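Quick setup: one chain, the form deposited without the named molecule, written in structure tokens, and binding and motion questions come after.
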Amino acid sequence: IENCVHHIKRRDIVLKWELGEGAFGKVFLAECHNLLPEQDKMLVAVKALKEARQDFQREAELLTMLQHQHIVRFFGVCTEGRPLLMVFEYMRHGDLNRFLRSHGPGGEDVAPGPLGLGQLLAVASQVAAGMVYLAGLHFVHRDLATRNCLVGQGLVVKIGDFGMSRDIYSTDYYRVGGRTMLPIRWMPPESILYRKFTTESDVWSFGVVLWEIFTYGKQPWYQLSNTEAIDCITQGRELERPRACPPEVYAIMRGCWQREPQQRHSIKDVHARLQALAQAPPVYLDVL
């Protein structure tokens, strides 16, 4: 809400079970029939609105607008019978924070043990690609963090969420008075102090996403309370270099974390550097 529509017949959606819950809705896994030509049956994630209606139409418009190779695919809505539904792509590894933790200190998509440096960089690059697209359309996320990315088959990583991160990951937010919940640990000085949010508050957040990736999904400033974390951020402390993170990747983080918004590197450059590294041969990466 800070920044055409496909429609799906209720009968074509068959709910299977709940994936998660919140204050403003529930998410289910469902079979969707006649959605794509190739697949006559297919799995999808369905967001059910608690039941509001105006916001829904507006959000649905924007979600349909924002479609990219690294943005969670939105198929359309179901406005036939209440409750209103939003239909998204099903991403089988769930959110990126959960995926990182479950492969940190085997299977179909990933090797045993912690994810190697090349895997971590591929993840980083895809999220960066996603924010390039968003910056290019001049969309400000406001809550970029690994919990708001999803991991699919073949370790495809895409930006997107179902609006329940405040409920599932409540410790990642600071309740400031009543009903406002801020992802302070992911926010730069200008958002905490002045309450400004821009493309460059998002680069900062990406920098913190990069730290999350390289710490296997650990919470930023985990050693601190919320007030202590606000103190450190506003006073200008930068997160330390993760053990798994080599100097050159850490240098990418710091460019995201320049205190002054204009001195931060553009997302396009962050991506270009991370892609290169992700697409670099084992001989070059083994030496990083």
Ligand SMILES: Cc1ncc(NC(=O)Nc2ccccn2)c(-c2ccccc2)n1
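For clarity, a rigid core is taken as the largest C-alpha set superposing within 1.5 Å between two forms. Start at 1 and count along the sequence shown; that's the residue number. Shifts are known only where both forms have a C-alpha.
Below, we turn to the form solved in complex with the named molecule, even though it does not appear here.
Check your understanding: For the chain seen here without its partner, which of 209-217, 188-196, 119-127, 84-92 has a heavy atom within 4.5 Å of the named molecule in the deposited bound form?
Key -> Among the candidates, contact is made by 84-92.
Check your understanding: Would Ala45 count as touching the named molecule in the deposited bound form under a 4.5 Å heavy atom rule?
Key -> Taking the distances in the deposited bound form, the answer for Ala45 is yes, it comes within 4.5 Å of the named molecule.
Check your understanding: Should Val157 be counted as a contact of the named molecule in the deposited bound form, where contact means heavy atoms within 4.5 Å?
Key -> Contact check for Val157: no, nothing within 4.5 Å of the named molecule in the deposited bound form.
Check your understanding: Do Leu19 and the named molecule come within 4.5 Å of each other in the deposited bound form, heavy atoms counted?
Key -> Yes, contact at 4.5 Å.
**Study point:** Any non-hydrogen atom of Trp204 within 4.5 angstroms of the named molecule in the deposited bound form
**Key:** Close contact is absent here: in the deposited bound form, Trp204 is far from the named molecule, nothing within 4.5 Å, heavy atoms only.
Practice item. Have a look at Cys245, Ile230, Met253, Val27 for me and say which one sits with a heavy atom within 4.5 Å of the named molecule in the deposited bound form. Key: Of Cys245, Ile230, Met253, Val27, the residue with a heavy atom within 4.5 Å of the named molecule in the deposited bound form is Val27.
Check your understanding: Using a 4.5 Å cut-off on heavy atoms, what residues in 126-162 are near the named molecule in the deposited bound form?
Key -> Going through 126-162 in order - heavy atoms within 4.5 Å of the named molecule in the deposited bound form - the hits are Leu150, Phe162.
Exercise for review: Fit on the rigid core and then flag the segments of at least 3 consecutive residues whose Cα positions all differ by 2 Å or more between the shown form and the other one.
Suggested key: Core-superposed, the single displaced stretch is 161-163.
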